[PDB]
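protein_39.tsv (TSV, C-alpha atoms) appears below.
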```tsv
chain	number	residue	atom	x	y	z
S	12	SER	CA	149.34	192.27	-160.73
S	13	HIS	CA	148.19	190.48	-157.57
S	14	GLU	CA	147.12	186.91	-158.42
S	15	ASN	CA	145.23	185.17	-161.23
S	16	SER	CA	141.62	186.11	-161.91
S	17	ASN	CA	140.22	182.92	-163.41
S	18	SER	CA	137.31	182.21	-161.06
S	19	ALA	CA	134.09	181.30	-162.87
S	20	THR	CA	132.26	184.12	-161.09
S	21	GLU	CA	134.86	186.73	-162.06
S	22	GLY	CA	133.49	190.13	-163.05
S	23	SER	CA	130.02	189.54	-161.60
S	24	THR	CA	127.85	191.73	-159.37
S	25	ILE	CA	128.26	189.27	-156.49
S	26	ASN	CA	130.89	190.15	-153.89
S	27	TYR	CA	132.68	187.04	-152.65
S	28	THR	CA	135.20	186.80	-149.83
S	29	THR	CA	137.12	183.57	-150.34
S	30	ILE	CA	140.18	181.68	-149.13
S	31	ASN	CA	142.86	180.49	-151.55
S	32	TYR	CA	146.42	179.12	-151.47
S	33	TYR	CA	147.21	178.54	-155.14
S	34	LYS	CA	147.84	181.13	-157.87
S	35	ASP	CA	144.66	180.17	-159.73
S	36	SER	CA	141.61	181.71	-158.06
S	37	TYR	CA	139.19	179.05	-159.31
S	38	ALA	CA	140.72	176.63	-156.81
S	39	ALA	CA	139.45	178.82	-153.98
S	40	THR	CA	136.67	178.05	-151.51
S	41	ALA	CA	133.00	178.69	-152.22
S	42	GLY	CA	133.43	181.30	-149.51
S	43	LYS	CA	131.05	183.84	-148.02
S	44	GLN	CA	128.52	185.36	-150.42
S	45	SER	CA	126.62	188.65	-150.73
S	46	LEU	CA	122.89	188.33	-150.07
S	47	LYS	CA	120.96	190.08	-152.85
S	48	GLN	CA	117.62	189.03	-154.32
S	49	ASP	CA	115.37	190.02	-157.23
S	50	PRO	CA	112.01	188.20	-157.03
S	51	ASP	CA	110.27	190.60	-159.43
S	52	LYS	CA	112.45	189.23	-162.25
S	53	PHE	CA	110.47	185.99	-162.17
S	54	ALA	CA	107.46	186.76	-159.97
S	55	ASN	CA	106.41	190.07	-161.53
S	56	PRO	CA	107.82	190.58	-165.05
S	57	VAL	CA	104.85	192.66	-166.16
S	58	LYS	CA	105.23	195.87	-168.15
S	59	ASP	CA	102.87	198.27	-166.38
S	60	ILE	CA	102.83	197.39	-162.69
S	61	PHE	CA	99.70	198.30	-160.75
S	62	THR	CA	99.65	198.90	-157.01
S	63	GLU	CA	98.82	196.20	-154.47
S	64	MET	CA	95.68	198.17	-153.64
S	65	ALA	CA	94.69	198.44	-157.30
S	66	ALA	CA	92.36	196.29	-159.38
S	67	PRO	CA	94.72	194.69	-161.95
S	68	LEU	CA	92.18	194.41	-164.79
S	69	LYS	CA	90.53	197.81	-165.26
V	9	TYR	CA	89.89	204.13	-157.90
V	10	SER	CA	86.31	202.85	-158.08
V	11	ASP	CA	83.14	202.91	-155.97
V	12	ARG	CA	81.74	199.40	-156.41
V	13	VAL	CA	84.92	197.39	-155.82
V	14	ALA	CA	85.52	197.08	-152.07
V	15	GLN	CA	87.43	195.02	-149.49
V	16	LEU	CA	86.68	194.68	-145.78
V	17	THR	CA	89.48	193.36	-143.55
V	18	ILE	CA	88.82	193.00	-139.81
V	19	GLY	CA	90.98	190.85	-137.53
V	20	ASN	CA	91.71	187.65	-139.44
V	21	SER	CA	88.65	188.00	-141.67
V	22	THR	CA	88.43	189.47	-145.18
V	23	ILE	CA	85.48	190.14	-147.48
V	24	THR	CA	85.93	190.97	-151.16
V	25	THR	CA	83.30	192.29	-153.58
V	26	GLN	CA	83.34	193.60	-157.15
V	27	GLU	CA	79.70	194.58	-157.66
V	28	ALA	CA	78.69	196.68	-154.66
V	29	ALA	CA	77.14	199.99	-153.69
V	30	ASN	CA	79.04	202.51	-151.54
V	31	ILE	CA	79.41	201.76	-147.82
V	32	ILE	CA	76.82	203.27	-145.47
V	33	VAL	CA	78.17	204.70	-142.21
V	34	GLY	CA	74.92	204.22	-140.29
V	35	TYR	CA	74.01	207.62	-138.88
V	36	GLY	CA	77.01	209.40	-140.37
V	37	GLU	CA	79.02	208.37	-137.33
V	38	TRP	CA	81.88	205.88	-137.02
V	39	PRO	CA	81.77	203.31	-134.16
V	40	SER	CA	83.89	204.25	-131.14
V	41	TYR	CA	84.96	203.05	-127.69
V	42	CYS	CA	83.14	204.47	-124.65
V	43	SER	CA	84.55	207.66	-123.13
V	44	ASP	CA	85.32	208.06	-119.43
V	45	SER	CA	82.59	210.71	-119.31
V	46	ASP	CA	79.78	208.61	-120.80
V	47	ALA	CA	80.61	205.43	-118.88
V	48	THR	CA	79.39	204.90	-115.31
V	49	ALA	CA	80.65	201.45	-114.33
V	50	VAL	CA	83.93	201.60	-112.41
V	51	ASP	CA	85.17	198.23	-113.68
V	52	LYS	CA	88.10	198.17	-116.09
V	53	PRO	CA	86.50	196.64	-119.21
V	54	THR	CA	88.08	194.02	-121.47
V	55	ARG	CA	88.67	195.05	-125.08
V	56	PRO	CA	89.62	191.67	-126.63
V	57	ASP	CA	90.15	193.32	-130.04
V	58	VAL	CA	91.07	190.90	-132.85
V	59	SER	CA	89.67	187.69	-131.34
V	60	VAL	CA	86.11	189.04	-131.25
V	61	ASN	CA	86.31	191.88	-133.79
V	62	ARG	CA	86.01	189.87	-136.99
V	63	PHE	CA	83.50	188.67	-139.58
V	64	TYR	CA	81.00	185.95	-138.69
V	65	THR	CA	78.95	183.96	-141.21
V	66	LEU	CA	75.85	182.94	-139.29
V	67	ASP	CA	73.05	182.20	-141.76
V	68	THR	CA	72.11	181.68	-145.40
V	69	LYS	CA	68.45	181.93	-146.43
V	70	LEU	CA	67.14	180.75	-149.79
V	71	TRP	CA	65.46	183.62	-151.63
V	72	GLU	CA	62.48	181.90	-153.27
V	73	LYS	CA	60.23	183.58	-155.85
V	74	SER	CA	57.58	184.15	-153.18
V	75	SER	CA	59.22	185.00	-149.85
V	76	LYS	CA	58.02	187.46	-147.20
V	77	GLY	CA	61.48	188.38	-145.95
V	78	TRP	CA	63.41	187.64	-142.76
V	79	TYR	CA	64.98	189.40	-139.79
V	80	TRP	CA	67.66	188.96	-137.13
V	81	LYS	CA	68.02	190.57	-133.70
V	82	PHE	CA	71.41	191.95	-132.64
V	83	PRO	CA	73.45	191.02	-130.77
V	84	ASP	CA	71.57	187.78	-130.01
V	85	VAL	CA	72.88	186.33	-133.29
V	86	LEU	CA	76.42	185.74	-132.00
V	87	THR	CA	75.70	184.83	-128.37
V	88	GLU	CA	76.52	181.15	-129.01
V	89	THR	CA	79.03	181.81	-131.79
V	90	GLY	CA	82.79	182.33	-131.54
V	91	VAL	CA	84.83	183.95	-128.78
V	92	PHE	CA	82.66	187.07	-129.02
V	93	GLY	CA	79.66	185.24	-127.59
V	94	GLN	CA	81.86	183.79	-124.86
V	95	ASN	CA	82.68	187.28	-123.59
V	96	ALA	CA	79.01	188.24	-123.94
V	97	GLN	CA	78.02	185.35	-121.66
V	98	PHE	CA	80.64	185.62	-118.89
V	99	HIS	CA	79.95	189.36	-118.67
V	100	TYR	CA	77.00	191.51	-117.64
V	101	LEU	CA	77.85	194.64	-119.61
V	102	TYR	CA	78.60	194.75	-123.34
V	103	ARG	CA	79.27	197.43	-125.97
V	104	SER	CA	79.90	197.18	-129.72
V	105	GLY	CA	78.93	198.36	-133.18
V	106	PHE	CA	78.68	196.04	-136.18
V	107	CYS	CA	79.76	195.78	-139.81
V	108	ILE	CA	76.96	193.89	-141.54
V	109	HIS	CA	77.72	192.54	-145.01
V	110	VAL	CA	74.56	191.02	-146.46
V	111	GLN	CA	75.37	189.26	-149.74
V	112	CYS	CA	73.33	187.79	-152.59
V	113	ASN	CA	74.39	187.30	-156.20
V	114	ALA	CA	72.68	186.01	-159.35
V	115	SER	CA	73.15	186.18	-163.12
V	116	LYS	CA	72.44	189.10	-165.45
V	117	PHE	CA	69.24	187.37	-166.55
V	118	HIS	CA	67.87	187.34	-163.01
V	119	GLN	CA	65.89	190.23	-161.54
V	120	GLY	CA	64.75	191.38	-158.11
V	121	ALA	CA	65.71	193.77	-155.33
V	122	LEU	CA	66.32	193.18	-151.63
V	123	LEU	CA	66.07	195.80	-148.91
V	124	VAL	CA	68.72	195.60	-146.20
V	125	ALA	CA	67.84	197.77	-143.21
V	126	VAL	CA	69.08	198.30	-139.66
V	127	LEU	CA	66.16	199.24	-137.41
V	128	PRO	CA	67.19	200.09	-133.82
V	129	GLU	CA	64.97	198.77	-131.02
V	130	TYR	CA	62.94	196.60	-133.40
V	131	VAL	CA	60.17	195.55	-131.03
V	132	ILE	CA	57.92	192.84	-132.46
V	133	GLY	CA	54.15	192.68	-132.04
V	134	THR	CA	51.67	189.84	-132.46
V	135	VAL	CA	48.54	189.34	-134.48
V	136	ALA	CA	46.05	190.03	-131.68
V	137	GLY	CA	44.05	186.82	-132.10
V	138	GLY	CA	43.16	187.80	-135.65
V	139	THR	CA	40.33	189.99	-134.36
V	140	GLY	CA	42.28	192.38	-132.14
V	141	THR	CA	40.84	191.19	-128.84
V	142	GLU	CA	43.84	189.34	-127.38
V	143	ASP	CA	46.90	190.84	-125.69
V	144	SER	CA	49.16	187.93	-126.64
V	145	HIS	CA	52.95	188.27	-126.76
V	146	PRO	CA	55.62	186.75	-129.02
V	147	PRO	CA	57.53	183.64	-127.85
V	148	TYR	CA	61.27	183.69	-127.14
V	149	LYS	CA	61.92	182.08	-130.53
V	150	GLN	CA	60.34	185.07	-132.28
V	151	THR	CA	61.86	188.02	-130.40
V	152	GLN	CA	65.25	186.33	-130.01
V	153	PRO	CA	65.52	183.90	-132.96
V	154	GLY	CA	69.32	184.03	-132.99
V	155	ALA	CA	71.22	182.05	-135.60
V	156	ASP	CA	68.59	180.95	-138.13
V	157	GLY	CA	66.51	184.13	-137.85
V	158	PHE	CA	62.76	184.46	-138.29
V	159	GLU	CA	60.38	184.72	-141.24
V	160	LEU	CA	57.95	187.66	-141.15
V	161	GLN	CA	54.30	186.95	-140.36
V	162	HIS	CA	53.31	189.87	-142.54
V	163	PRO	CA	55.91	192.00	-144.37
V	164	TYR	CA	53.78	195.09	-145.16
V	165	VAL	CA	53.23	195.78	-141.50
V	166	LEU	CA	56.64	195.10	-139.95
V	167	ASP	CA	55.03	192.86	-137.32
V	168	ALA	CA	54.75	195.95	-135.11
V	169	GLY	CA	52.10	198.17	-136.68
V	170	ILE	CA	54.80	200.18	-138.44
V	171	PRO	CA	54.95	200.22	-142.27
V	172	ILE	CA	57.84	198.89	-144.34
V	173	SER	CA	56.71	201.60	-146.77
V	174	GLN	CA	59.02	203.93	-144.84
V	175	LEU	CA	61.82	201.70	-143.55
V	176	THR	CA	64.48	203.47	-145.60
V	177	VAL	CA	64.64	206.11	-142.86
V	178	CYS	CA	67.01	204.14	-140.62
V	179	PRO	CA	70.35	203.11	-142.27
V	180	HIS	CA	69.54	200.94	-145.27
V	181	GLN	CA	71.00	199.64	-148.53
V	182	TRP	CA	69.28	197.97	-151.48
V	183	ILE	CA	70.50	194.81	-153.18
V	184	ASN	CA	69.21	195.24	-156.73
V	185	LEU	CA	70.26	192.21	-158.78
V	186	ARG	CA	70.98	194.21	-161.94
V	187	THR	CA	73.51	196.53	-160.28
V	188	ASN	CA	74.84	195.29	-156.94
V	189	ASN	CA	75.27	191.85	-155.37
V	190	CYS	CA	75.94	192.85	-151.76
V	191	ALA	CA	75.04	195.45	-149.13
V	192	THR	CA	77.24	196.81	-146.34
V	193	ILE	CA	76.04	198.63	-143.21
V	194	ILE	CA	78.31	200.02	-140.49
V	195	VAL	CA	76.44	200.92	-137.31
V	196	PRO	CA	77.84	202.35	-134.05
V	197	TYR	CA	76.63	201.36	-130.59
V	198	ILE	CA	73.08	202.71	-130.68
V	199	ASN	CA	71.69	202.90	-127.14
V	200	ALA	CA	70.74	205.38	-124.41
V	201	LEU	CA	73.14	203.53	-122.10
V	202	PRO	CA	76.93	203.19	-122.31
V	203	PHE	CA	76.58	199.44	-121.76
V	204	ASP	CA	73.84	196.79	-121.77
V	205	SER	CA	73.20	193.08	-121.10
V	206	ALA	CA	73.56	191.81	-124.71
V	207	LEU	CA	71.38	188.84	-123.68
V	208	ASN	CA	68.28	190.64	-122.45
V	209	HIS	CA	68.43	193.74	-124.65
V	210	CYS	CA	68.85	193.82	-128.42
V	211	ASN	CA	70.33	197.07	-129.77
V	212	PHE	CA	68.74	196.72	-133.21
V	213	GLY	CA	67.36	194.39	-135.87
V	214	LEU	CA	68.54	193.51	-139.37
V	215	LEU	CA	65.62	193.42	-141.82
V	216	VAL	CA	66.39	191.58	-145.07
V	217	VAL	CA	63.22	191.78	-147.16
V	218	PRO	CA	62.50	191.72	-150.92
V	219	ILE	CA	60.19	194.38	-152.37
V	220	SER	CA	60.58	193.58	-156.06
V	221	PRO	CA	60.23	189.77	-156.26
V	222	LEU	CA	62.98	187.47	-157.52
V	223	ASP	CA	62.21	186.26	-161.03
V	224	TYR	CA	63.94	184.15	-163.68
V	225	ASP	CA	63.10	182.10	-166.77
V	226	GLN	CA	63.68	178.34	-167.05
V	227	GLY	CA	67.43	178.88	-166.76
V	228	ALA	CA	70.07	176.71	-165.10
V	229	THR	CA	69.95	178.15	-161.57
V	230	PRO	CA	66.81	178.44	-159.37
V	231	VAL	CA	68.61	178.32	-156.01
V	232	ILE	CA	69.53	181.89	-155.06
V	233	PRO	CA	70.80	182.17	-151.45
V	234	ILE	CA	71.13	185.30	-149.30
V	235	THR	CA	74.00	185.09	-146.81
V	236	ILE	CA	74.38	187.18	-143.65
V	237	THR	CA	77.81	188.26	-142.38
V	238	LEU	CA	78.62	190.58	-139.47
V	239	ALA	CA	81.61	191.84	-137.49
V	240	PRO	CA	81.69	193.49	-134.03
V	241	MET	CA	83.64	196.76	-133.85
V	242	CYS	CA	85.18	198.35	-130.74
V	243	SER	CA	83.89	195.60	-128.45
V	244	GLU	CA	83.88	196.18	-124.69
V	245	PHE	CA	82.80	193.89	-121.85
V	246	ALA	CA	82.45	194.58	-118.11
V	247	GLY	CA	80.94	193.03	-114.99
V	248	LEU	CA	82.56	189.60	-115.00
V	249	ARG	CA	80.68	186.61	-113.60
V	250	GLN	CA	79.85	182.98	-114.43
V	251	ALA	CA	78.71	181.79	-117.87
V	252	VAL	CA	75.04	182.70	-118.37
V	253	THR	CA	72.81	182.08	-121.40
V	254	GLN	CA	69.25	182.59	-122.68
```
Could I get this structure in the form of structure tokens?
Amino acid sequence: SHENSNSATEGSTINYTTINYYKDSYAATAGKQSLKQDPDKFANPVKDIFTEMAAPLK
Amino acid sequence: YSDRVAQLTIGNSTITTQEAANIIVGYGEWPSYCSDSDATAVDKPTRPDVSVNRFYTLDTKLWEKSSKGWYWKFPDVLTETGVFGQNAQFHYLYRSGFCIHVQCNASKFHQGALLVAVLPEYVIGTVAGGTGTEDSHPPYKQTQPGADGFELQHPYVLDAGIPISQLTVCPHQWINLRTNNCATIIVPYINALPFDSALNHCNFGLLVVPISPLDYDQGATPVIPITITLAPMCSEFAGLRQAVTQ
């Protein structure tokens, strides 16, 4: 069953590629990370989005 | 989509407006660069694009309750302004159309209507000694006022024997305080020549004149300013020389 899967980030969307020597995967390096962003989650959490070109209030 | 909300982006300039009338395209004809069949000069012209093709804020008159109206002569308005005027000085030949955005806003309890008009070859005449027996001519400061512009001697007659009663022939746009707060006129290069001096000749004249007087009660704002903004389109310059002025 490979090695232990006890990293804090286990089962997340993020795809890490890390280096480890011990059986417990939480002792591994921070490693290389996958670059994904989602600005709209915080910058545009409106219900009905209007276009850039559009007048928001009409 | 709406008709009165507009935005004008040219170069690094941007004008927004929420209470406007539709844009007038001059003589139903978009400004364009000069063809190789209309041109006659053999020089390869400079088309500086962004640096000179952009909005310029050159004047702001105060519309008082009893004003005769003002005018400006193009393109003498920019000759000392920006990097447009620099090209217009170092060169002999010039070609461009403009995007004039006259703007004036008040409350909903104000009233009055301006008349923005673009009259090509606006030649100015003088009061002939009051009696008519003097062939006097206007000074340089009247025919080529430039930045600050000039106040009309008489507004009825357009200082040329012609009546303002029929000025809405040439491309115009009203600024009626109860509906719009800005006018926008896009003119092409209007001339019988592919190029001209830009210093000696003035392609047209902007006539900002009120017909229905500004009025307001004893409210909290009596200072209502009209502001003139313009932007050269498809600018071309040829015949390079030393820097020459008025």
Could you write out as a list in words the residues of chain V within 10 Å of chain S, counting all atoms listed in the file?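 Every residue meeting the condition is included here: residues 9, 10, 13, 15 and 26 of chain V.
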Could you write out the selected residues, including C-alpha atoms, as an mmCIF file, in the coordinates of the input?
```cif
data_model
loop_
_atom_site.group_PDB
_atom_site.id
_atom_site.type_symbol
_atom_site.label_atom_id
_atom_site.label_comp_id
_atom_site.auth_asym_id
_atom_site.auth_seq_id
_atom_site.Cartn_x
_atom_site.Cartn_y
_atom_site.Cartn_z
ATOM 1 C CA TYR V 9 89.890 204.130 -157.900
ATOM 2 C CA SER V 10 86.310 202.850 -158.080
ATOM 3 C CA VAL V 13 84.920 197.390 -155.820
ATOM 4 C CA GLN V 15 87.430 195.020 -149.490
ATOM 5 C CA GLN V 26 83.340 193.600 -157.150
#
```
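Distance annotation: of V:152, V:45, V:253, V:25, the residue with the minimal separation from residue V:88 is V:253; atom set is all atoms listed in the file.
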Which residues are near residue S:33? Cut-off 12 Å, all atoms listed in the file, ignore same chain within fewer than 3 positions. Put them as a PyMOL selection string. chain S and resi 14-17+30+36-40
State, in Å with one decimal place, the distance from atom CA of residue S:48 to atom CA of residue S:60. 18.9 Å
Env of residue V:209: 10 Å cut, atoms = only C-alpha atoms, seq-sep filter 3 positions within chain, self excluded. Answer as a ChimeraX atom specification. /V:81-84,129,152,204-206,212
Computed gap from atom CA of residue V:121 to atom CA of residue V:219 is 6.3 Å
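Going from atom CA of residue V:35 over to atom CA of residue V:216, you cover 18.8 Å.
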List as a PyMOL selection string the protein and nucleic acid residues near residue V:251, meaning an atom at most 9 Å away when all atoms listed in the file are counted, but skip any in the same chain fewer than 3 places from it. chain V and resi 94-99
Residue S:25 surroundings by only C-alpha atoms, 10 Å radius, close-in-sequence under 5 positions cut, as a PyMOL selection string: chain S and resi 20+44-47
Please list as a PyMOL selection string every residue within 8 Å of residue V:73, counting only C-alpha atoms and excluding residues in the same chain fewer than 5 positions away. chain V and resi 221-223
When distances are computed from all atoms listed in the file, which of V:143, V:159, V:72, V:27 shows the smallest separation from residue V:234?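 Smallest distance to residue V:234 is found for V:72.
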